[PDB]
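First the structure, in the form of structure tokens, and then the observations on it.
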There are 2 protein chains.
Amino acid sequence: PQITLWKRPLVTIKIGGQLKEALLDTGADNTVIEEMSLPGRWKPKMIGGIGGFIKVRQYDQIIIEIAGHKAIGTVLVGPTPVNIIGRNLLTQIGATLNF
Amino acid sequence: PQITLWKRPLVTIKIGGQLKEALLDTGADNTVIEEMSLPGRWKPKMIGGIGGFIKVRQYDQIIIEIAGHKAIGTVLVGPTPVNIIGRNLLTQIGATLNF
Ligand SMILES: CCCC[C@@H](CN[C@@H](CCCC)C(=O)N[C@@H](CCC(N)=O)C(=O)N[C@@H](CCCNC(N)=[NH2+])C(N)=O)NC(=O)[C@@H](NC(=O)[C@@H](NC(C)=O)[C@@H](C)O)[C@@H](C)CC
């Protein structure tokens with residue numbers, strides 16, 4: 001689809017069997033999701049942006065369906081105010097910026 | 001152009017006659033630039049990011065070029081980790097997300 005930017009580019013995603021709303025963020029290197037349970041081992045990570053840093057848990061090889069498109073990659077879990085789909089997964093679903 | 005997301009979508013912008021680098025950010029409502037001098041009066045604005053909230057200076061009707069495309073709008077100036085071009089200006093250059 002072609003998503004216009006008059007409003008926040010929010011889509012429904014499915015991760016860990018759960019349906020969540022997420023923001024397609026071209027300004028995010030990683031994918032960050034609110035507290036939830038994910039399978040596998042994890043390692044701590046600090047991520048920053050406006051307002052500073054937050055500590056998150058890094059999970060690898062996580063599958064997530066973004067607006068009907070499945071992608072696999074690293075997913076960070078933590079106290080993010082918004083569920084964010086970053087570039088690591090945006091590339092997988094073939095998302096591009098066009099103008 | 002069509003911008004893929006394998007690397008950060010950084011473009012050259014021109015504001016106040018100066019060339020700077022900025023991130024095309026679909027996850028940003030507004031455009032936030034690092035400390036610099038802009039003409040006219042400014043109003044207060046509080047914005048939120050991944051790590052919390054920061055106070056910025058809001059300047060309206062600022063002439064700014066984004067990757068060769070001219071825009072005139074609101075530019076927020078403050079302690080942002082990176083210059084980001086938000087949806088307010090992305091809509092002016094006719095940018096869309098596509099997949
Ligand atoms: C400034 C750093 C680059 C852009 C930034 C945009 N993030 C979005 C995420 C959505 C909110 C959690 C954002 O901050 N958007 C703001 C930008 C400011 C603005 N005003 O446009 C926004 O739209 N804020 C809205 C409100 C959104 C909701 N906020 C809230 N409920 N508190 C607003 N009007 O203030 N990206 C990031 O913060 C990501 N950081 C990065 O990709 C890299 N970090 C750095 C510092 O470059 C990497 C080295 O970690 C985070 C997510 C980790 C992957």
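So you can find residues: chains in the structure tokens are A, B, ... in the order shown, residues in each start at 1, and ligands are numbered from 1 in order.
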Give me the least-squares superposed chain A (reference chain B; all C-alpha atoms paired in order) as a compact mmCIF listing (two decimals) with N, CA and C atoms, in the first residue's frame.
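Dumped everything to result00.txt:
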# COMPACT_ATOMS: atom_id res chain seq x y z
N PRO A 1 12.80 10.91 -5.57
CA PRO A 1 13.59 9.67 -5.50
C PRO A 1 12.89 8.60 -4.66
N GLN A 2 13.37 7.37 -4.80
CA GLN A 2 12.85 6.26 -4.02
C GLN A 2 13.95 5.92 -3.06
N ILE A 3 13.67 6.11 -1.79
CA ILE A 3 14.63 5.86 -0.74
C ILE A 3 14.37 4.52 -0.07
N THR A 4 15.34 3.61 -0.18
CA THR A 4 15.22 2.30 0.46
C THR A 4 15.60 2.48 1.93
N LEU A 5 15.19 1.53 2.76
CA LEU A 5 15.41 1.64 4.20
C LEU A 5 16.44 0.71 4.82
N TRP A 6 17.39 0.26 4.01
CA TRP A 6 18.46 -0.62 4.48
C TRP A 6 19.36 0.18 5.42
N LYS A 7 19.37 1.50 5.22
CA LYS A 7 20.14 2.39 6.07
C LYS A 7 19.23 3.55 6.46
N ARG A 8 19.69 4.37 7.40
CA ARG A 8 18.92 5.52 7.84
C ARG A 8 18.70 6.47 6.67
N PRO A 9 17.45 6.91 6.46
CA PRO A 9 17.10 7.83 5.37
C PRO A 9 17.56 9.26 5.68
N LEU A 10 18.86 9.48 5.55
CA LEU A 10 19.46 10.78 5.82
C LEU A 10 19.63 11.57 4.54
N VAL A 11 19.26 12.85 4.58
CA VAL A 11 19.39 13.74 3.43
C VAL A 11 20.01 15.06 3.86
N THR A 12 20.48 15.83 2.88
CA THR A 12 21.05 17.14 3.15
C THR A 12 19.90 18.13 3.05
N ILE A 13 19.86 19.06 4.00
CA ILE A 13 18.82 20.08 4.00
C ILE A 13 19.50 21.44 4.11
N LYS A 14 18.78 22.48 3.72
CA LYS A 14 19.29 23.83 3.84
C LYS A 14 18.24 24.61 4.62
N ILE A 15 18.66 25.13 5.77
CA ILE A 15 17.77 25.89 6.64
C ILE A 15 18.53 27.06 7.24
N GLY A 16 17.94 28.25 7.15
CA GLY A 16 18.58 29.45 7.68
C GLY A 16 19.95 29.68 7.07
N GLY A 17 20.09 29.34 5.79
CA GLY A 17 21.35 29.50 5.09
C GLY A 17 22.39 28.44 5.42
N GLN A 18 22.03 27.49 6.27
CA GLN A 18 22.94 26.44 6.70
C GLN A 18 22.62 25.06 6.13
N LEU A 19 23.66 24.34 5.74
CA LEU A 19 23.52 22.98 5.23
C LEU A 19 23.66 22.03 6.42
N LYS A 20 22.67 21.15 6.58
CA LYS A 20 22.67 20.17 7.67
C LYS A 20 22.22 18.81 7.15
N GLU A 21 22.55 17.77 7.90
CA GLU A 21 22.12 16.42 7.54
C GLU A 21 20.89 16.15 8.40
N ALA A 22 19.86 15.57 7.81
CA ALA A 22 18.64 15.30 8.55
C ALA A 22 18.05 13.95 8.20
N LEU A 23 17.32 13.40 9.17
CA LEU A 23 16.66 12.11 9.06
C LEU A 23 15.19 12.27 8.68
N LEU A 24 14.76 11.59 7.61
CA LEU A 24 13.37 11.64 7.18
C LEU A 24 12.64 10.68 8.10
N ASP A 25 11.88 11.24 9.03
CA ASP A 25 11.18 10.46 10.05
C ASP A 25 9.65 10.47 9.95
N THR A 26 9.09 9.40 9.39
CA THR A 26 7.64 9.27 9.28
C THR A 26 6.96 9.11 10.65
N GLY A 27 7.75 8.81 11.68
CA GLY A 27 7.23 8.65 13.03
C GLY A 27 7.26 9.94 13.85
N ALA A 28 7.65 11.04 13.20
CA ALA A 28 7.72 12.35 13.85
C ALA A 28 6.63 13.27 13.34
N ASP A 29 5.82 13.79 14.25
CA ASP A 29 4.75 14.73 13.90
C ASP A 29 5.33 16.06 13.43
N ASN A 30 6.43 16.47 14.07
CA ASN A 30 7.08 17.74 13.79
C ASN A 30 8.51 17.62 13.29
N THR A 31 9.02 18.75 12.82
CA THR A 31 10.38 18.85 12.34
C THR A 31 11.19 19.45 13.49
N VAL A 32 12.27 18.77 13.86
CA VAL A 32 13.09 19.20 14.98
C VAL A 32 14.55 19.32 14.55
N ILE A 33 15.12 20.50 14.78
CA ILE A 33 16.50 20.78 14.39
C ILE A 33 17.35 21.17 15.60
N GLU A 34 18.63 20.79 15.56
CA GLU A 34 19.59 21.10 16.62
C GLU A 34 19.70 22.61 16.78
N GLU A 35 20.21 23.06 17.92
CA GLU A 35 20.32 24.49 18.18
C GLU A 35 20.89 25.30 17.04
N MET A 36 20.13 26.30 16.66
CA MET A 36 20.51 27.22 15.60
C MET A 36 19.62 28.44 15.74
N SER A 37 20.00 29.50 15.04
CA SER A 37 19.25 30.75 15.05
C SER A 37 18.24 30.78 13.89
N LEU A 38 17.01 31.17 14.21
CA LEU A 38 15.97 31.29 13.20
C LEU A 38 15.29 32.63 13.40
N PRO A 39 14.81 33.25 12.30
CA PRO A 39 14.13 34.54 12.37
C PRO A 39 12.71 34.42 12.89
N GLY A 40 12.19 35.53 13.41
CA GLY A 40 10.82 35.55 13.91
C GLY A 40 10.64 35.22 15.37
N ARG A 41 9.41 35.40 15.83
CA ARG A 41 9.05 35.13 17.21
C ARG A 41 8.94 33.62 17.41
N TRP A 42 9.04 33.17 18.65
CA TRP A 42 8.93 31.75 18.94
C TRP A 42 8.22 31.53 20.26
N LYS A 43 7.75 30.31 20.47
CA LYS A 43 7.09 29.95 21.71
C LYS A 43 7.63 28.59 22.14
N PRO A 44 7.74 28.37 23.46
CA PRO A 44 8.25 27.10 23.96
C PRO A 44 7.27 25.93 23.76
N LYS A 45 7.84 24.74 23.62
CA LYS A 45 7.06 23.53 23.42
C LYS A 45 7.81 22.34 24.00
N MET A 46 7.07 21.35 24.47
CA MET A 46 7.67 20.13 25.00
C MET A 46 7.29 19.02 24.03
N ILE A 47 8.29 18.27 23.57
CA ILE A 47 8.05 17.18 22.64
C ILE A 47 8.61 15.89 23.23
N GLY A 48 7.91 14.79 23.02
CA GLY A 48 8.35 13.53 23.58
C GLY A 48 8.42 12.35 22.63
N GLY A 49 9.05 11.29 23.12
CA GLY A 49 9.23 10.07 22.36
C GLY A 49 10.05 9.13 23.22
N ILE A 50 10.83 8.25 22.60
CA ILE A 50 11.68 7.31 23.33
C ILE A 50 12.62 8.11 24.23
N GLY A 51 12.64 7.76 25.51
CA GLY A 51 13.52 8.45 26.44
C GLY A 51 12.88 9.62 27.15
N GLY A 52 11.71 10.05 26.69
CA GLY A 52 11.04 11.16 27.34
C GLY A 52 10.85 12.42 26.52
N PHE A 53 10.84 13.57 27.20
CA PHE A 53 10.63 14.87 26.57
C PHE A 53 11.83 15.80 26.61
N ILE A 54 11.82 16.75 25.67
CA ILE A 54 12.83 17.81 25.60
C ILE A 54 12.09 19.11 25.30
N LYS A 55 12.62 20.22 25.81
CA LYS A 55 12.02 21.52 25.59
C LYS A 55 12.64 22.12 24.34
N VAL A 56 11.79 22.66 23.47
CA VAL A 56 12.23 23.26 22.22
C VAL A 56 11.56 24.61 21.97
N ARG A 57 12.09 25.37 21.02
CA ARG A 57 11.54 26.67 20.64
C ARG A 57 10.80 26.46 19.33
N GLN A 58 9.55 26.89 19.29
CA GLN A 58 8.74 26.74 18.08
C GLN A 58 8.73 27.99 17.18
N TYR A 59 9.20 27.82 15.94
CA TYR A 59 9.23 28.88 14.94
C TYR A 59 8.27 28.49 13.82
N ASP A 60 7.49 29.45 13.34
CA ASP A 60 6.55 29.16 12.26
C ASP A 60 7.01 29.76 10.94
N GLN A 61 6.41 29.30 9.85
CA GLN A 61 6.72 29.79 8.51
C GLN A 61 8.20 29.79 8.15
N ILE A 62 8.87 28.68 8.44
CA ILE A 62 10.29 28.51 8.16
C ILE A 62 10.45 27.71 6.87
N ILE A 63 11.28 28.22 5.95
CA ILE A 63 11.51 27.54 4.69
C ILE A 63 12.74 26.65 4.78
N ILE A 64 12.61 25.43 4.29
CA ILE A 64 13.74 24.53 4.29
C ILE A 64 13.74 23.69 3.03
N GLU A 65 14.92 23.58 2.43
CA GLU A 65 15.06 22.78 1.23
C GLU A 65 15.53 21.40 1.66
N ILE A 66 14.72 20.40 1.35
CA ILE A 66 14.99 19.02 1.72
C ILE A 66 15.33 18.24 0.47
N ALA A 67 16.60 17.86 0.34
CA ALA A 67 17.08 17.11 -0.81
C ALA A 67 16.67 17.77 -2.13
N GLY A 68 16.73 19.10 -2.16
CA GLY A 68 16.38 19.84 -3.37
C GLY A 68 14.94 20.31 -3.45
N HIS A 69 14.10 19.84 -2.53
CA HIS A 69 12.69 20.21 -2.50
C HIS A 69 12.43 21.20 -1.39
N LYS A 70 11.94 22.38 -1.76
CA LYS A 70 11.64 23.40 -0.76
C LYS A 70 10.27 23.17 -0.14
N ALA A 71 10.19 23.42 1.16
CA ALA A 71 8.95 23.27 1.91
C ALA A 71 8.93 24.36 2.96
N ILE A 72 7.73 24.76 3.38
CA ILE A 72 7.60 25.79 4.41
C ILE A 72 6.69 25.31 5.53
N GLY A 73 7.07 25.60 6.76
CA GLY A 73 6.27 25.18 7.89
C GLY A 73 6.92 25.48 9.22
N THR A 74 6.36 24.89 10.26
CA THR A 74 6.86 25.05 11.62
C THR A 74 8.10 24.20 11.83
N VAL A 75 9.09 24.79 12.48
CA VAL A 75 10.33 24.11 12.78
C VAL A 75 10.63 24.32 14.26
N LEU A 76 10.86 23.22 14.97
CA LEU A 76 11.18 23.25 16.38
C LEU A 76 12.70 23.18 16.51
N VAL A 77 13.26 24.02 17.38
CA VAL A 77 14.70 24.06 17.58
C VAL A 77 15.05 23.71 19.01
N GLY A 78 15.96 22.76 19.18
CA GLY A 78 16.35 22.35 20.51
C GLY A 78 17.43 21.30 20.57
N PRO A 79 17.66 20.72 21.76
CA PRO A 79 18.68 19.70 22.00
C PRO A 79 18.36 18.31 21.48
N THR A 80 18.00 18.23 20.20
CA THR A 80 17.70 16.93 19.61
C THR A 80 19.02 16.27 19.21
N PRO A 81 19.16 14.96 19.48
CA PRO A 81 20.40 14.27 19.12
C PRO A 81 20.55 14.09 17.61
N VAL A 82 19.44 14.20 16.88
CA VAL A 82 19.43 14.04 15.43
C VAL A 82 18.49 15.08 14.80
N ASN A 83 18.89 15.67 13.67
CA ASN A 83 18.04 16.63 12.97
C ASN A 83 16.97 15.76 12.32
N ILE A 84 15.71 16.11 12.57
CA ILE A 84 14.59 15.32 12.09
C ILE A 84 13.61 16.08 11.23
N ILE A 85 13.31 15.54 10.05
CA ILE A 85 12.31 16.12 9.15
C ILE A 85 11.04 15.32 9.44
N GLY A 86 10.06 15.97 10.04
CA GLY A 86 8.82 15.31 10.39
C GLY A 86 7.75 15.36 9.32
N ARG A 87 6.58 14.82 9.64
CA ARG A 87 5.47 14.77 8.69
C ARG A 87 4.99 16.12 8.20
N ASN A 88 5.09 17.15 9.04
CA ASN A 88 4.63 18.48 8.64
C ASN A 88 5.32 19.02 7.38
N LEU A 89 6.54 18.55 7.12
CA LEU A 89 7.30 18.96 5.94
C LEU A 89 7.37 17.83 4.91
N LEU A 90 7.32 16.58 5.38
CA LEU A 90 7.34 15.43 4.48
C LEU A 90 6.14 15.48 3.51
N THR A 91 4.99 15.92 4.02
CA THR A 91 3.80 16.01 3.20
C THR A 91 3.99 17.04 2.09
N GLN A 92 4.66 18.13 2.43
CA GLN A 92 4.90 19.22 1.49
C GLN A 92 5.76 18.84 0.30
N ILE A 93 6.74 17.96 0.52
CA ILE A 93 7.60 17.55 -0.59
C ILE A 93 7.01 16.32 -1.29
N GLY A 94 5.80 15.95 -0.87
CA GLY A 94 5.09 14.83 -1.46
C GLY A 94 5.62 13.45 -1.15
N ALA A 95 6.19 13.30 0.04
CA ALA A 95 6.75 12.02 0.45
C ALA A 95 5.67 11.05 0.91
N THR A 96 5.80 9.79 0.49
CA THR A 96 4.86 8.75 0.87
C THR A 96 5.60 7.44 1.16
N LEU A 97 4.95 6.57 1.94
CA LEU A 97 5.48 5.24 2.26
C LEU A 97 4.81 4.31 1.28
N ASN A 98 5.60 3.45 0.65
CA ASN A 98 5.04 2.53 -0.33
C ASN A 98 5.56 1.12 -0.15
N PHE A 99 4.65 0.16 -0.26
CA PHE A 99 4.98 -1.26 -0.16
C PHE A 99 3.84 -2.11 -0.73
Strand (DSSP E) call set, DSSP backbone run, region 38-83 of chain B, as JSON, numbers by chain: {"B": [43, 44, 45, 46, 47, 48, 53, 54, 55, 56, 57, 58, 59, 60, 61, 62, 63, 64, 65, 66, 69, 70, 71, 72, 73, 74, 75, 76, 77]}
Sel. of helix (DSSP H, G or I) residues, chain A, as a list in words: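 Secondary structure check on chain A, helix (DSSP H, G or I): residues 87, 88, 89 and 90 of chain A.
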